[PDB]
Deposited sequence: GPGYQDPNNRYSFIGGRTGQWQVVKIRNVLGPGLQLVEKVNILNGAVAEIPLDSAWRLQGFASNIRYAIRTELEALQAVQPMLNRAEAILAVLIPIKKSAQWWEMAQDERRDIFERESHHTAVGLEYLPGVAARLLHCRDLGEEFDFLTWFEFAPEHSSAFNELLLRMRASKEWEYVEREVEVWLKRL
């Protein structure tokens, strides 16, 4: 299967843009909709690929898989696309050094796990494609989990891991 995904902010698409929050660094132009395409009057295009696990260990994968919801739940009419760029200092670090910041210090997985099965979370990579961002992260959930997701954001943005994030944008969406 084609692991590449494109996100085109413009006048067409499956998702209506509710709000774009330019958290850190240059933002993305406000647009009417986002069109998601599998494969590679529009304002911007983002792309990334699905890839293998980079940090999670087996016990962590087992916990996530036990409560990970699927995409495209009927109830999951809200979504958020959050492109993220990390710093050169982050990328120069070795594998043991990044894993320790990611979990042992920041507890990325343990914290995110608390918000499943409510939130469906998916990760795409794009630093290797030469894109402006390093990751395209995608979340979808029913309105009942909006407050919980907003809470999770504040939590991760306070984390040690986020000291290495240098560009970030929120594209809040509603399923059409």
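Student: List the gaps, meaning deposited-sequence segments with no CA coordinates, ordered along the sequence.
Tutor: In the chain as deposited, 1-6, 47-52 carry no coordinates.
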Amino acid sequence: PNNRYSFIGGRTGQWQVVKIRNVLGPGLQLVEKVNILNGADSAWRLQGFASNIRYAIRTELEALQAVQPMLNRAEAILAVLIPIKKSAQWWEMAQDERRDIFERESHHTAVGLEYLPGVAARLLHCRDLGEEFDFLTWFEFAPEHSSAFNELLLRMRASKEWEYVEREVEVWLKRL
From here on, numbers count along this sequence of modelled residues.
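Student: If you take the mean CA temperature factor per stretch, which one wins between 107-115 and 50-58?
Tutor: For C-alpha atoms only, the mean B-factor is higher in 107-115.
Student: Averaging CA B factors per stretch from the PDB record, which one is higher: 98-106 or 85-93?
Tutor: 98-106 has the higher mean C-alpha B-factor.
Student: Highest Cα B-factor in the deposition, which of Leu123, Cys126, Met70, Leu30?
Tutor: Of the candidates given, the C-alpha B-factor peaks at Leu30.
Student: Once the chain's modelled residues are ordered by C-alpha B factor and cut into thirds, is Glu166 in the lowest, middle or highest one?
Tutor: As the PDB entry reports it, the C-alpha B-factor of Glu166 lands in the highest third of its chain.
Student: Comparing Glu144 with the other modelled residues of its chain, is its CA B-factor in the lowest, middle or highest third?
Tutor: Tercile = middle for this residue's CA B-factor.
Student: What third of its chain's C-alpha B-factors does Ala63 belong to: lowest, middle or highest?
Tutor: Middle third, going by the recorded CA B-factors of the chain.
Student: Where does the C-alpha B-factor of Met156 rank in its chain, lowest, middle or highest third?
Tutor: Middle third.
Student: Hey, what third does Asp134 fall into on Cα B-factor, ranked over its chain?
Tutor: Tercile = lowest for this residue's CA B-factor.
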